[PDB]
Amino acid sequence: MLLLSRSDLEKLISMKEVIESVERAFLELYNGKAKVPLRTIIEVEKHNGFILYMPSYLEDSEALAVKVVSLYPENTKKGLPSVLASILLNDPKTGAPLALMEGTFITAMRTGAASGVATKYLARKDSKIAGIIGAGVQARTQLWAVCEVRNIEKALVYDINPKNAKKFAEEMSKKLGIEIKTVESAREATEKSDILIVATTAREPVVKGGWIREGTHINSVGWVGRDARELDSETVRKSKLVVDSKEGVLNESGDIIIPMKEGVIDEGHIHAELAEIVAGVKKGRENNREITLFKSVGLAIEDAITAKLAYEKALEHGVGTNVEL
Amino acid sequence: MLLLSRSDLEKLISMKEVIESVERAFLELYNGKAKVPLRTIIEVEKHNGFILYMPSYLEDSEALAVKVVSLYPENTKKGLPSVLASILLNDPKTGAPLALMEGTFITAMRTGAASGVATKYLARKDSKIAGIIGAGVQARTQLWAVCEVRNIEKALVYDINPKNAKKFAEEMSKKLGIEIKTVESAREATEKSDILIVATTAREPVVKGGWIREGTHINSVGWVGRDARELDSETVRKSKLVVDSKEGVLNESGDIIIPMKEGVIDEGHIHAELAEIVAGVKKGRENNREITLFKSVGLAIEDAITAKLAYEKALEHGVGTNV
Ligand SMILES: NC(=O)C1=CN([C@@H]2O[C@H](COP(=O)(O)OP(=O)(O)OC[C@H]3O[C@@H](n4cnc5c(N)ncnc54)[C@H](O)[C@@H]3O)[C@@H](O)[C@H]2O)C=CC1
Ligand SMILES: NC(=O)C1=CN([C@@H]2O[C@H](COP(=O)(O)OP(=O)(O)OC[C@H]3O[C@@H](n4cnc5c(N)ncnc54)[C@H](O)[C@@H]3O)[C@@H](O)[C@H]2O)C=CC1
Ligand code: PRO
Ligand code: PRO
């Protein structure tokens, strides 16, 4: 078996590659060449956490992988990231395990790239100002993937944690070579956005629909269970809704389940799944005045296409350590 | 996180340990302190194999583990085991991964132990002769666990491959210190058995119910999908049926699903789940003449308590590699 550490992975993969790869994974999913059973969620109520088991098999790409990822929103208080993951790659021909790789970095990369492909189809091409609510691990790759897809000029970041917003604005500004300024309310970041990035831990809405002007595109990736949401009901109803997967969002995302329980929206309010948009069967952004919202909770195909991408580059680069079991 | 190889694991855990631990896991499951959602099976039709994802959380034992196990019946043609597994242990307090360990040895140990617990409650205490149909990997731990709970004197082994039965008879007899004789039909092994072990890869019945005499207890652990079976409908109908879990067997075991399609039995023919037997809520063996059948497909909690037993012994014994 081969081992790939976070240091190993950061070396191998870039966001432009991951954007292309996640896009192909969804095209493979639309053509009936993907087996993605709904992920299994075990809630650890005793320790305020979740653990998610996300297996998938992409038969054309021959990517047979499972990711074990956990969400503990209070982990940052113990010097630990909220999201920790591991990815296992198996050989489709024998079922033998091929690799164990650190999944935390890949989770952030594949999540940003998933919103990157959706941003290509749903965001105004002339978008230059991006607003970020929640300056955590996901927000960094979220903004990075948005910058790979649009000619972003300036970014606004709001967080309840002043350290996270400052560290984000400083470090990401040199990172992406764009100006990033911390703002001091979620209202301001939402009102001035051409593209809005929401990557929060909050269990109650932070984005009010009354702030969103026309022509803005929203990427929302936060998830803390089916009871939690970061967008109020007005935001969802007001937008042209695209989901990463209907089966996943409708079963896991309080951002959608709660407004439908209220009766503000129904299952038909979902315009399309991302797989239909990538395939060209369903259309993305059609005019300047619509407000587009991409709701993402995570799909296992993004881990498999990224893990096999990273695994095959390690072989070609001689990266990683071999182990016996 | 810590890495544990088969060589690391093989020393650490014994069959007496795993039986005690698996029985405790089933009691924990009965008391509502286990989260064992039904496992996810992805069939790789393209390569004639299955891969199984088995997560579970035992909250009292604080064992949060997932096993990735695969079944490729044609692997023995490539010099590879039919069943290959990996087990990942996570920290319940942080969600952080604690260990990656080889699951092949643990799956054999926990599978034998699960039948070891069932045999203790369902088999006659005066059982002396054990019959084995299918002399593969699982059969060895199956007989070992039966030997840990009953005073077995002699074993009879039948396999469709005479090489496998002979190799089983030789190797297992030295390990367990009991006489083991090769027979040349499933009928003979079944007819003379006090306890019958069935652990085959067959997709069609190998044991006929007409062969089973009264007082026999059967452990059947084979699985090759819900369309495959190693027991004919008569063995199922004739027996008091105990399953490791109702949700798993009725969804995955052709040994049970097919006789229910025929109308020979219905859902009520399941006497009890193993968890109810361990808890004492349901009765085990009530008389000497009953024929008892334990149907096992595998349950994620048995992996979790065994993985955490081993992980916890590795730390105390300084075994494993950090990465
Ligand atoms: N493909 C997907 O959809 C995936 C979903 N997620 C979810 O994305 C979200 C972000 O994940 P991470 O960045 O890794 O965690 P993180 O803990 O490192 O960052 C979360 C940020 O949200 C901020 N925040 C929390 N509540 C806020 C509030 N009311 N108002 C303003 N800011 C607030 C926090 O201060 C923190 O900076 C999480 O909800 C996670 O469950 C995580 C990985 C990928
Ligand atoms: N109940 C549980 O928890 C578990 C279920 N299993 C299943 O147990 C069965 C055996 O597993 P392993 O021993 O690891 O595989 P194995 O390949 O090592 O052994 C299978 C044995 O069955 C024999 N056999 C095959 N067809 C036969 C037939 N018609 N008649 C007589 N003998 C036949 C084969 O010669 C072979 O020796 C498989 O179905 C496996 O999927 C595997 C792990 C645990
Ligand atoms: O799918 C994922 O990877 C993220 C992890 C936390 C919740 N969802
Ligand atoms: O429970 C298990 O581990 C075995 C693996 C193959 C089918 N059942």
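Regarding how it was determined, this PDB entry cites X-ray crystallography in its header, along with a resolution of 2.60 Å.

Per the PDB entry, the recorded name for chain B is DELTA1-pyrroline-2-carboxylate reductase, and the organism is Thermococcus litoralis DSM 5473. Its PDB record names the entry "Structure of Thermococcus litoralis Delta(1)-pyrroline-2-carboxylate reductase in complex with NADH and L-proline".

As annotated in the PDB entry, chain A is DELTA1-pyrroline-2-carboxylate reductase from Thermococcus litoralis DSM 5473.

Student: What is the right way to read unusual backbone geometry from this model?
Tutor: One can expect most non-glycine residues to show negative phi and most peptide bonds to be in trans. A positive phi is found at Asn48(A), a non-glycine position, where the angle reads about 60 degrees. Assignment of secondary structure puts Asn48(A) in the loop between β3 (40-44) and β4 (49-58).

Student: Even after reading the chapter, I still don't get empty space enclosed by the protein, so can you show me in this structure?
Tutor: Any empty space left between atoms is shown by rolling a water-sized probe over those atoms. In the structure shown here, the tally under the stated rule is 3 cavities of 30 Å³ or more. What the largest cavity holds in volume is close to 90 Å³. As for the largest cavity, its lining consists of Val66(A), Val68(A), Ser86(A), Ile87(A), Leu88(A), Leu100(A), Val66(B), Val68(B), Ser86(B), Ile87(B), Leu88(B) and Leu100(B). Secondary-structure elements contributing two or more residues to the lining of the largest cavity are β5 (63-71) and β6 (83-90) of chain A together with β5 (63-71) and β6 (83-90) of chain B. In terms of residue class, the lining of the largest cavity is made up of 10 nonpolar, 2 polar and no charged.

Student: Explanation requested: the interface of chain B and chain A in the structure shown.
Tutor: Buried accessible area, meaning the area lost when the parts come together, often serves as the stated size of an interface. Across the boundary between the two partners, chain B contributes 43 residues, which contact 41 residues of chain A. Between chain B and chain A, a total of about 3400 Å² is buried, with carbon and sulfur atoms accounting for 67% of that surface. The three residues of chain B that bury the most area against chain A are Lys35(B), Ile42(B) and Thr94(B), which together make up 14% of that side's buried surface. Joining chain B to chain A, the criterion identifies 4 salt bridges. In this structure, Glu45(B) and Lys35(A) form a salt bridge, with 3.0 Å as the shortest nitrogen-oxygen distance. Taken together, chain B and chain A are joined by 16 residue pairs in polar contact.

Student: Please explain the packing of aromatic side chains as it appears in this structure.
Tutor: Each aromatic ring pair is characterised by the separation of its centres together with the angle its planes make. Scanning all chains against the criterion turns up 2 aromatic pairs over all chains. Where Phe50(A) meets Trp223(A), the ring centres are 5.1 Å apart and the plane angle is 65 degrees; that geometry is what we call edge-to-face. With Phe50(A) in strand β4 and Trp223(A) in the loop between β12 (217-220) and α7 (233-238), this residue pair connects regions lying 173 residues apart in the sequence. Given a relative accessible area of 10%, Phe50(A) falls into the buried group. Its guanidinium or amino end placed over the ring of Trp144(B), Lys175(B) lies 3.6 Å from that ring's centre, counting from NZ or CZ.

Student: Teacher, can you tell me more about the sheet that holds strand β14 (residues 270-273) of chain A here?
Tutor: Backbone-to-backbone hydrogen bonds pair the strands of a sheet. The strands run either parallel or antiparallel. All names here are of chain A. On the basis of which strands lie adjacent, the open sheet formed by 8 strands has the order β10-β9-β8-β11-β12-β15-β13-β14 and parallel pairing. Single-partner strands in this sheet number two, and they are β10 (179-182) and β14. In this sheet, adjacent strand axes meet at a mean angle of 20 degrees when their direction is disregarded. As defined by bridge partners, strand β9 (residues 154-158) adjoins β10 across 4 bridges and the pair is classed as parallel. In the sheet register, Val-157 faces β10, and the bridge partner there is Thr-182.

Cut-off values and rules
- Residues numbered from 1 in each chain as written, not as in the entry; some residues may be left out.
- Chains lettered and ligands numbered in written order.
- Heavy atoms only, no water.
- Helix = DSSP H or I, 4+ residues; strand = E, 2+ residues; numbered from the N terminus.
- 1 Å grid on protein atoms, 1.4 Å probe; cavity = no way out; pocket = protein on both sides within 12 Å on 5 of 7 lines; lining within 4 Å.
- Points joined across faces, edges and corners; volume = space filled by probe spheres on them.
- Nonpolar A, V, L, I, M, F, W, Y, C, P; charged D, E, K, R; others polar.
- Contact = heavy atoms within 4.5 Å.
- Buried area = accessible area lost by both parts, 1.4 Å probe.
- Salt bridge = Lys/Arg side-chain N within 4 Å of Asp/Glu carboxyl O.
- Polar contact = N/O pair within 3.5 Å; in protein donor to acceptor, adjacent residues only side chain to side chain.
- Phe/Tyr/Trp six-rings, centres within 6.5 Å; stacked < 30°, edge-to-face > 60°.
- Buried < 20%, exposed > 50% of the residue type's maximum accessible area, 1.4 Å probe, protein only.
- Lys NZ or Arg CZ within 6 Å of the ring centre and 35° of its normal.
- Pairing = 2+ DSSP bridges.
- Axes fitted to C-alpha atoms, helices over the stretch in contact; angles between N-to-C directions.

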